[PDB]
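**Q** So that we are looking at the same thing, I have put the structure below in structure tokens.
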Amino acid sequence: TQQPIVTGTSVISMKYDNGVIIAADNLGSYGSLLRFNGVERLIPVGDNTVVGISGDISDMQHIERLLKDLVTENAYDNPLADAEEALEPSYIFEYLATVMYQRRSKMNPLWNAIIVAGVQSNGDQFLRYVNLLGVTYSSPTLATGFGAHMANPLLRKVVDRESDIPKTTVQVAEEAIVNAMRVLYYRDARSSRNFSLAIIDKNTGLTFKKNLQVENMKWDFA
Amino acid sequence: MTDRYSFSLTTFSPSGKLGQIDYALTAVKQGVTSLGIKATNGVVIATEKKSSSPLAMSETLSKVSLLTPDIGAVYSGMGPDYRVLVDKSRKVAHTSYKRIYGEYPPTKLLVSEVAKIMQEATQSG
Amino acid sequence: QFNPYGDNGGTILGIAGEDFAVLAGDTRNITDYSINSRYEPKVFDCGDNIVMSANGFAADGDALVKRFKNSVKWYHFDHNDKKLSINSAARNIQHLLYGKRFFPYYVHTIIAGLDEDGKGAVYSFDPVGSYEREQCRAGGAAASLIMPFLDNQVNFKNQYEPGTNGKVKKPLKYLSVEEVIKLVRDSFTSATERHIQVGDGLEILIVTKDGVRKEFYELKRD
Amino acid sequence: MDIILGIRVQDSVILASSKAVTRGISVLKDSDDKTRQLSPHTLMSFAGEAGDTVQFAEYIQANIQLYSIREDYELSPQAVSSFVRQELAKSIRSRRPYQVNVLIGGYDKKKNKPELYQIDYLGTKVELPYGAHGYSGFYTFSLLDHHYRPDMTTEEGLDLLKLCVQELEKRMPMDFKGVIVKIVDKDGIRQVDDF
Amino acid sequence: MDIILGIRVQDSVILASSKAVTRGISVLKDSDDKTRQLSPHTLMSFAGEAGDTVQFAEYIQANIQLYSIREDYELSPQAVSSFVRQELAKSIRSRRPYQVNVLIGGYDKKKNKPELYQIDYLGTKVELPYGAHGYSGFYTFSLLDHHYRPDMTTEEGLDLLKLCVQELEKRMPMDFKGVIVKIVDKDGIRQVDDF
Amino acid sequence: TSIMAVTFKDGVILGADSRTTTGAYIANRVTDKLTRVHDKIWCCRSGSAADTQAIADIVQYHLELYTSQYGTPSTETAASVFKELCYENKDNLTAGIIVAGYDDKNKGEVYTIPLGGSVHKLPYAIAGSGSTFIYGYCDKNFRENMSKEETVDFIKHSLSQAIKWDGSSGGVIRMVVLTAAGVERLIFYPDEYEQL
Amino acid sequence: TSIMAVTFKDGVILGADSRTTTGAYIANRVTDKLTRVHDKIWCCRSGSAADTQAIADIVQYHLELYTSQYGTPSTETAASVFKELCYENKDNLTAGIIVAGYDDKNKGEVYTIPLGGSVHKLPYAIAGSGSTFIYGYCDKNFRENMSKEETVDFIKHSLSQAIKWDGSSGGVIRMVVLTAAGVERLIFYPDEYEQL
Amino acid sequence: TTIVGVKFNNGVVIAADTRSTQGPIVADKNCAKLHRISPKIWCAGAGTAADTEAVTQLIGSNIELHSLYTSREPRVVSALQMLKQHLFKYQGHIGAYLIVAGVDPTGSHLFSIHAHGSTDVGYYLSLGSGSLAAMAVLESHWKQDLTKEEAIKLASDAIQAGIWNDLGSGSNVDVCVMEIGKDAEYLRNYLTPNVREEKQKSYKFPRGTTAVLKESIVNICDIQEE
Amino acid sequence: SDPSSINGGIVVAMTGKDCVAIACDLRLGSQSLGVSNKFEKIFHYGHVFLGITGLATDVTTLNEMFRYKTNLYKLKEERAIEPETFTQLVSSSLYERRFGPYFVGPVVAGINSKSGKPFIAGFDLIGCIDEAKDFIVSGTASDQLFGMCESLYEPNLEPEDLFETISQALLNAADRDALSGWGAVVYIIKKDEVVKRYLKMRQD
Amino acid sequence: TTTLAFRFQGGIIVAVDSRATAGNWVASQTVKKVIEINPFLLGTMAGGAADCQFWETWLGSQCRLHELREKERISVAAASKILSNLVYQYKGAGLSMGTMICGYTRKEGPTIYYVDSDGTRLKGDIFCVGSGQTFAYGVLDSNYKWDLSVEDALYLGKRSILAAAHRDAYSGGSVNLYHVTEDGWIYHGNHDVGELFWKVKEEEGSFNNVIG
Ligand SMILES: [Mg+2]
Ligand SMILES: [Mg+2]
Ligand SMILES: [Mg+2]
Ligand SMILES: [Mg+2]
Ligand SMILES: [Mg+2]
């Protein structure tokens with residue numbers, strides 16, 4: 001049992017016709033002190049997976065090292081490490097989900113909420129959540145912390161059920177994600193203007209966007 | 001200070017008369033005429049706006065007053081006494097009825113409450 | 001202080017017919033006043049014509065189902081591919097649950113299938129492994145809303161034959177699979193109206209001698 | 001205090017109340033009478049917190065005696081029980097509530113009927129053929145449910161009461177030092193001096 | 001459990017132990033024998049937490065019986081009491097201590113003397129002419145202090161014991177359902193079947 | 001909350017952020033924390049929003065009744081009324097108020113009333129959760145008898161840093177200028193002050 | 001405690017106050033909070049004195065054994081060893097450590113390890129109870145590639161303000177300069193920095 | 001509960017969902033959360049339902065008497081001042097969280113008020129368990145100079161976000177539009193997107209199914225003549 | 001310890017075509033101990049019916065209080081109180097004890113004598129009115145009653161059909177609650193006749 | 001819950017109710033509170049359902065191993081002590097158990113041991129355990145004789161559970177009866193309390209307080 005010290009806020013994500021999008025801001029809070037302003041909370045694994053992490057940053061850095069070690073280990077005595085026997089999003093998630101549940105079962109959790117976003121070998125979209133309790137679930141849109149309360153309602157207006165996914169383009173999905181990040185900046189006291197966004201597409205691969213900013217803000221009416 | 005008049009100012013005379021009530025009725029007699037007529041589908045109340053001066057704006061002096069949305073009142077006698085009774089009648093319609101039953105009082109019961117206030121000014125100290 | 005438990009809501013229902021059994025559950029997953037997923041499967045085909053659901057804390061639920069599925073696999077390895085009978089599965093699940101008697105799986109487990117005479121069977125478990133064969137059992141959030149209705153409409157409790165005035169009970173005539181499914185759907189429709197954690201979708205698994213079949217129905221999403 | 005029982009038979013009400021008074025470690029008395037006569041045909045037994053029991057009982061007694069003198073009339077058992085209930089219902093929301101449970105056994109001279117009322121410290125009143133307070137009912141009600149008849153004589157009521165006390169003496173951990181038994185009927189109130 | 005008494009007279013040790021076993025609300029048994037024979041001339045009575053009492057007593061019994069067989073010799077009462085004390089002194093600093101208080105009544109065949117040892121759950125041992133555990137001493141010791149003589153016969157010891165039990169039955173709130181009485185002397189251990 | 005008041009050559013200026021939080025949720029991102037109790041006597045509020053609004057309303061009432069009887073009150077008098085309420089009800093209040101005003105006789109004055117209900121007359125004052133992060137900056141950069149433009153820059157830069165580090169502070173920077181010329185309201189948006 | 005480390009053109013400088021308190025009593029007014037773990041790798045300690053001393057001694061041991069086998073360790077390696085101890089024993093430690101070092105390949109580097117045991121590489125870092133009061137000042141005044149004299153002035157002015165407002169900080173300002181030229185110790189007394 | 005308030009061109013609109021709950025159980029599926037303080041001053045309440053109703057009716061009552069005394073139509077700032085001073089006095093023990101909106105001779109107004117007595121001003125506000133879902137919609141689509149039709153659309157969309165995403169909210173959308181120089185129009189069940197589907201079975205019993213011990217006529221009439 | 005579940009019991013009310021029904025169990029207990037099987041929880045003042053669940057001393061007190069108040073109402077108004085008016089009186093009376101409340105769950109049922117319209121209403125312990133068109137439930141088996149009513153109820157049932165529906169709702173709900181049962185009563189209410197029926201049920 | 005067991009001339013009668021509750025909520029009316037340890041031994045369920053089920057099935061396994069090893073039926077004394085020694089090992093950990101281990105052997109005759117989760121092991125003639133135990137004791141104590149017939153003893157056990165089911169809110173559903181002989185136990189059916197109550201009321205004349 002511990003308490004989180006340096007923390008990261010919401011991670012938000014959704015599925016679209018050809019893949020998945022995931023986003024998270026670049027802040028590491030120390031209570032109400034906005035201490036660290038250049039923290040990357042989206043961690044890519046290969047060219048098919050991005051793991052987004054909120055909560056305790058020290059535990060995030062530990063998980064980041066586990067994933068780095070996972071890639072090294074998979075390459076050992078594996079001639080098809082960059083082909084048929086490369087790490088899948090589903091492999092990476094199941095490993096993390098195992099670790100999270102084991103750690104909570106020893107009463108020593110990794111104090112995080114994690115979203116694994118990626119595209120499988122057969123082109124299928126992968127999007128699944130796991131947290132400090134080992135609780136897992138999937139949905140066309142997924143979000144952690146404040147994002148769950150404010151981003152999901154907006155993202156669900158675009159993709160409300162499974163049949164909406166093929167009707168949703170990457171432009172519409174990214175637009176919805178970017179708008180949600182603006183809304184979170186308005187209303188979450190532990191958020192920042194600077195964020196990262198990652199698109200994993202079955203055709204164009206992994207696009208990782210750094211140093212994005214919330215723009216087109218309204219205040220005037222004050 | 002303190003109100004040291006804790007005794008009745010209206011009392012029975014040897015003949016059984018309550019002087020102050022009789023004299024109050026005399027003040028009413030001097031007052032401007034007001035009337036009321038009940039029809040099958042309504043009631044009308046009316047009075048004269050006896051303007052004290054032509055420079056006075058008699059529209060600002062309301063002799064006919066709304067007590068509830070379905071109850072109105074008019075008077076004859078002392079105007080200021082009427083005005084404060086209207087304030088008390090409006091309030092008692094809420095405190096002793098609307099805040100209890102969630103509806104405005106029936107005419108006879110509001111009348112009863114106003115009557116009780118007037119009775120008490122005839123016996124209280 | 002770290003709380004190793006959580007409540008993911010959900011409501012499940014098992015009914016044993018004459019030569020069939022159904023295990024149904026809603027597809028909504030929640031924490032507090034938020035929806036995690038509108039479709040997160042809760043009832044699982046575990047092989048050997050056995051269906052299972054462990055409702056309550058979803059992390060413990062997933063862990064138990066996973067360990068039971070594994071137990072079926074190893075039963076085949078160790079005992080010459082012998083079919084695991086529903087009574088044997090039930091006793092096995094008791095030991096899985098009681099193994100964590102002093103740090104329990106926070107779930108209410110129900111399994112369904114056919115016994116060795118081909119008759120419909122439902123077993124019900126408490127969190128620490130006490131179990132019983134039952135004809136009718138609802139579990140989870142809206143169990144208290146559903147069970148009285150089932151007592152009345154399946155077992156004909158408090159119903160007497162007209163004209164006799166309480167002297168002759170309404171006879172307990174056997175229900176078809178179509179009749180049971182009607183009662184399941186009406187149970188969940190009513191539970192959806194009056195319980196905030198019940199909704200989104202209803203998934204029913206039907207077990208006969210021919211195997212396991214699935215049926216899905218929409219529920220109100222508010 | 002501890003055990004108080006009541007049973008309404010054909011023509012009378014019988015109240016049985018334990019004799020022990022225990023102050024923690026020692027039994028200070030073994031002949032305590034946990035009852036007060038409210039009027040010639042109305043008896044009230046009581047149990048609860050020390051001091052408050054007798055204080056409440058004597059307060060009720062004084063009030064009913066005052067009514068009797070003012071009106072030159074004995075209130076019905078129903079009327080007395082309603083007065084008592086209101087006093088306890090008033091008490092439960094007071095600064096310091098009376099922690100007192102009572103049984104009221106009375107013979108209504110107008111209706112020519114015995115009546116037994118059970119009232120707890122919250123002001124929860126019920127009219128019963130037989131009643132108790134505390135754990136007394138847990139041991140005795142299964143016997144009363146079996147044997148009780150509305151047309152029982154006073155002697156049969158006393159015999160059923162003896163069976164109840166015997167079961168209490170067998171299975172109860174505490175020694176309540178027996179019971180004082182009193183009968184309320186058309187002729188008034190009397191004590192059974194051998195039980 | 002509840003009351004255990006002991007008295008050492010001229011030529012014997014007498015142990016008196018209550019018969020009641022109470023599990024909270026109900027008295028489950030009224031004939032329980034709260035004693036174990038450790039050797040032909042050594043008896044141990046016991047009281048404390050449920051389960052641990054019998055578990056401890058039978059454990060001690062097994063150990064003394066083992067010693068008796070190995071050496072073909074009966075340990076002196078003093079030696080047995082020292083063994084028991086050490087076990088309880090060891091127990092009090094354990095993960096979960098034995099919550100058991102004992103009296104050991106034995107006749108030393110070498111010295112031709114009766115001996116009574118009182119040991120509580122902490123491992124506090126004292127040799128006494130008479131002893132008790134719990135609240136039993138509070139009611140009985142003033143009587144024993146007055147009447148006790150070291151040259152009393154067994155019959156006089158039993159009479160003084162009856163007076164002690166009578167005082168317990170009068171002033172104790174709990175019904176302990178009487179006592180089983182056993183005598184330890186040169187001929188061994190026997191039970192007084194009418195008390 | 002980040003609030004401050006600064007005296008300068010021509011009078012006094014009050015400054016504040018506009019963020020009101022319930023835990024980590026921003027309940028209002030455009031709050032007005034600069035409150036008028038008299039024509040040229042204003043205050044900055046911190047602590048319980050309910051308490052500080054209640055106090056300010058009572059003060060405004062007191063100074064309105066004072067004015068009807070005795071004419072325009074001094075800034076010291078206003079601070080005294082604030083103090084009386086804060087000190088006497090210290091057990092039931094969580095309020096940190098800065099009082100700022102302009103007289104013609106006394107010119108610009110600033111009084112700070114912290115939690116306990118004590119009064120401290122200062123050349124400038126800072127308060128609220130965000131103020132902790134700018135004690136160093138404000139002490140190094142404050143000068144007496146600054147110009148209007150300098151004081152606006154000092155407050156804008158100071159609250160900019162307070163907003164940057166304090167999660168409980170943010171939104172727009174509001175300012176109210178109190179001089180002989182009258183009362184001027186100023187507002188500065190994030191795109192302006194974040195690039196400072 | 002007020003501690004900081006700042007990278008500059010020629011390397012890195014560590015700074016610290018010298019006050020150690022037990023409640024309101026100053027147990028030591030001349031404490032040395034700048035600790036050597038290797039020739040040109042030093043650290044600033046904050047939190048439990050027992051914990052941070054224990055950690056530093058273990059790190060010094062680890063880097064001494066590293067050097068005997070593999071040659072001079074990098075500043076990143078030293079920070080990693082600190083982190084490993086802080087992260088794995090987070091339940092039983094109260095330690096906030098800033099690690100600063102000079103390589104010839106990497107030049108001046110600063111790593112901060114807050115309570116949780118996370119690592120953050122920064123151009124400069126501030127920590128300790130007194131650091132809260134100089135977030136605004138340091139953010140406004142820090143520039144990259146400053147000269148030695150400028151960096152000394154930046155640290156001297158920063159810790160001066162931290163000492164001024166924080167009761168838990170005080171005494172002398174100590175500094176350790178890490179460059180290619182070697183290791184230089186500096187000390188600045190109250191009569192010097194209080195008049196800044 | 002989800003409640004919102006939105007300012008527009010010539011007035012203000014407020015809306016609310018219609019679900020009231022006891023823990024996880026839905027007590028009433030078509031609750032009325034829009035209350036009238038005066039003809040053209042309306043408010044919506046979240047928190048303790050009895051408190052929101054009681055504090056509305058008390059201030060509404062006193063507002064009516066004040067209107068009669070002063071011969072003037074009630075003002076929103078009067079309702080606001082009376083509400084906050086009442087709530088502050090009870091130190092949050094009256095669990096009323098309200099959005100107050102209305103028109104009066106001064107213009108159109110929109111305020112929020114919390115249980116401890118603090119108040120706010122805004123062009124758009126949301127309260128209740130679904131306030132974060134509602135505010136997400138408001139922050140995404142609100143603009144200056146909204147028309148009446150645009151404001152009604154935005155308000156109901158914000159309530160819908162609460163209905164679908166917040167478990168504490170559900171059923172229907174109620175709306176009230178207060179425009180300057182017009183009667184306030186209360187639109188009860190403005191949207192109805194949650195009608196229950198027809199059941200698979202009728203559960204009407206055969207007559208005589210229930211066992212009965214005794215029957216008797218209950219005298220509800222007064223004591224009779226003769 | 002929880003005052004609303006010391007004594008146990010349930011009340012349910014339903015509307016039908018030109019009729020209303022209100023029903024209750026007969027149990028009074030002291031937690032696990034059953035004390036009385038004749039504790040009726042439905043009362044009437046003229047043609048207005050009031051069911052009350054919860055702490056039994058408050059049930060009795062409130063009945064006496066509303067008898068008191070409706071008697072004075074009648075003397076002054078010269079007419080019997082209506083269900084709509086009485087509902088407001090119950091709410092007013094409960095809220096006056098806001099910070100020391102009666103631990104009860106009242107239910108009002110009746111037909112307006114002038115309009116003929118069927119009326120039901122429910123309250124929490126502090127006076128908040130639930131005016132449902134279909135049904136109102138209250139007591140220690142309210143969850144069970146919600147489940148029964150939601151599936152069994154349909155609008156515009158005839159008086160004798162409504163009796164079966166409400167009876168089966170009560171009975172089966174009570175049989176899933178330890179603290180409810182021990183007998184039951186059902187009132188069928190029409191504009192100028194009311195029938196009272198005691199039901200046969202299991203006595204455990 | 002209400003469970004009882006008593007010794008008599010013809011062996012042992014075991015009678016239990018069928019109700020399980022979670023707070024006020026009646027979870028089940030069809031619970032099996034008699035555990036069939038083997039064809040000769042019975043145990044009763046009270047306290048923790050799982051603890052009783054699990055460890056008394058386990059006891060059956062230990063009894064089976066004993067008779068395989070020793071080629072002889074295990075005594076009730078030995079069987080009960082295996083259980084009591086086991087739960088004593090767990091003392092403090094939070095097991096909840098109150099059970100009667102019932103059997104009839106050659107050397108012992110009909111024997112009942114009350115075994116309990118704090119380590120208690122008591123031999124006795126009549127035991128009654130559960131929330132409704134006091135009600136059942138009343139009927140038992142006033143009607144019990146050693147020389148009861150098997151028919152009358154079975155009824156007494158049935159009637160005593162009914163008494164508890166009526167008064168105790170947490171007892172009811174149905175009554176399960178068993179008769180333990182030297183050649184094994186014999187099941188004597190499931191009896192719905194609802195139907196049983198009215199039947200007993202009419203035939204016996206009892207429960208005059210209740211209208212039927
Ligand atoms: Mg919803
Ligand atoms: Mg330490
Ligand atoms: Mg200092
Ligand atoms: Mg029941
Ligand atoms: Mg029962």
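Labels for the structure tokens follow display order: chains A, B, ..., residues from 1 in each chain, ligands from 1.
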Near chain E, which residues of chain D fall within 6 Å when you count only C-alpha atoms, and what do they look like as a list in words?
**A**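 Those within range of chain E come out as residues 26, 27, 171, 172, 173, 174 and 175 of chain D.
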**Q** Show me which residues are within 12 Å of ligand 4 counting only C-alpha atoms and all ligand atoms, and format the list as an NGL selection string.
**A** (:C and (148)) or (:I and (8-10 or 25-29 or 32 or 34 or 140-141 or 144 or 170-184 or 201-204)) or (:J and (19-21 or 24-29 or 165-173 or 193-194))
**Q** How would you write, as a compact mmCIF listing (two decimals) with N, CA, C and O atoms, in the first residue's frame, the set of residues no farther than 10 Å from ligand 3 when counting only C-alpha atoms and all ligand atoms?
**A**
```
# COMPACT_ATOMS: atom_id res chain seq x y z
N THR G 1 14.70 23.38 4.54
CA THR G 1 15.83 23.15 3.58
C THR G 1 15.54 23.82 2.23
O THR G 1 14.42 23.76 1.73
N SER G 2 16.56 24.47 1.68
CA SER G 2 16.50 25.04 0.34
C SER G 2 17.71 24.54 -0.44
O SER G 2 18.85 24.86 -0.09
N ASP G 17 21.32 25.75 1.54
CA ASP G 17 21.42 26.43 2.83
C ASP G 17 22.06 25.47 3.84
O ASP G 17 22.45 24.36 3.48
N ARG G 19 20.72 25.05 7.33
CA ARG G 19 19.86 24.94 8.51
C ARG G 19 19.20 23.56 8.62
O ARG G 19 18.59 23.08 7.66
N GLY G 130 11.87 25.29 1.25
CA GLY G 130 12.07 26.67 0.81
C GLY G 130 11.89 26.90 -0.69
O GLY G 130 11.71 28.05 -1.11
N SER G 160 18.70 33.05 -1.42
CA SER G 160 18.52 34.20 -0.53
C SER G 160 17.04 34.42 -0.23
O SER G 160 16.66 34.64 0.92
N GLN G 161 16.21 34.36 -1.27
CA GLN G 161 14.77 34.53 -1.13
C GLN G 161 14.13 33.34 -0.41
O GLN G 161 13.24 33.51 0.42
N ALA G 162 14.58 32.13 -0.75
CA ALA G 162 14.09 30.92 -0.08
C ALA G 162 14.35 30.99 1.42
O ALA G 162 13.48 30.66 2.22
N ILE G 163 15.56 31.42 1.79
CA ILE G 163 15.93 31.60 3.19
C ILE G 163 15.08 32.69 3.86
O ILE G 163 14.67 32.53 5.01
N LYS G 164 14.83 33.77 3.13
CA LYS G 164 14.08 34.92 3.66
C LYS G 164 12.67 34.56 4.11
O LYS G 164 12.19 35.07 5.13
N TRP G 165 12.00 33.69 3.35
CA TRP G 165 10.60 33.35 3.62
C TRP G 165 10.41 32.04 4.38
O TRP G 165 9.47 31.91 5.15
N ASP G 166 11.31 31.08 4.17
CA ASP G 166 11.20 29.76 4.82
C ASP G 166 11.95 29.72 6.15
O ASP G 166 13.17 29.87 6.18
N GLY G 167 11.21 29.50 7.23
CA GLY G 167 11.80 29.38 8.56
C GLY G 167 12.68 28.15 8.72
O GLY G 167 13.61 28.14 9.53
N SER G 168 12.40 27.11 7.93
CA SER G 168 13.18 25.88 7.96
C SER G 168 14.52 25.99 7.22
O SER G 168 15.33 25.08 7.29
N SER G 169 14.73 27.10 6.51
CA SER G 169 15.98 27.35 5.79
C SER G 169 16.73 28.53 6.40
O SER G 169 16.12 29.44 6.95
N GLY G 170 18.06 28.50 6.29
CA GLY G 170 18.88 29.59 6.82
C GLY G 170 20.35 29.25 6.95
O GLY G 170 20.82 28.23 6.44
N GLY G 171 21.08 30.13 7.65
CA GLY G 171 22.51 29.96 7.87
C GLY G 171 23.33 30.46 6.70
O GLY G 171 23.04 31.52 6.14
```
**Q** Name the residues, by chain letter and number, that sit within 10 Å of ligand 2 using only C-alpha atoms and all ligand atoms, and give them as a ChimeraX atom specification.
**A** /G:48-52,54,91-95
**Q** With C-alpha atoms kept, could you save the residues just selected as a PDB file, in the first residue's frame?
**A**
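Dumped to selection.pdb:
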```
ATOM      1  CA  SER G  48      14.788  12.666   6.430  1.00  0.00           C
ATOM      2  CA  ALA G  49      18.454  13.304   7.297  1.00  0.00           C
ATOM      3  CA  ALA G  50      18.863   9.675   8.382  1.00  0.00           C
ATOM      4  CA  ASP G  51      17.356   8.349   5.125  1.00  0.00           C
ATOM      5  CA  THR G  52      19.261  10.646   2.746  1.00  0.00           C
ATOM      6  CA  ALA G  54      21.953   6.223   4.388  1.00  0.00           C
ATOM      7  CA  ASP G  91       7.230   2.894   1.621  1.00  0.00           C
ATOM      8  CA  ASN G  92      10.055   3.302   4.177  1.00  0.00           C
ATOM      9  CA  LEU G  93      11.841   6.445   2.910  1.00  0.00           C
ATOM     10  CA  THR G  94      11.275  10.198   3.005  1.00  0.00           C
ATOM     11  CA  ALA G  95      13.934  11.471   0.602  1.00  0.00           C
TER      12      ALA G  95
END
```
**Q** Mind listing the residues within 8 Å of ligand 1, only C-alpha atoms and all ligand atoms counted, as JSON, numbers by chain?
**A** {"C": [196, 221, 222], "H": [162, 163, 164, 165, 166, 167, 168, 169, 170, 171]}
**Q** Report, in Å to a single decimal, how far apart atom CA of residue D:68 and atom CA of residue D:15 are.
**A**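 One can read the atom CA of residue D:15 to atom CA of residue D:68 distance as 23.0 Å.
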**Q** From the set J:17, J:99, J:151, J:9, which residue has the shortest atom-to-atom contact distance to ligand 5, counting only C-alpha atoms and all ligand atoms?
**A**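 With only C-alpha atoms and all ligand atoms as the atom set, the closest residue is J:17.
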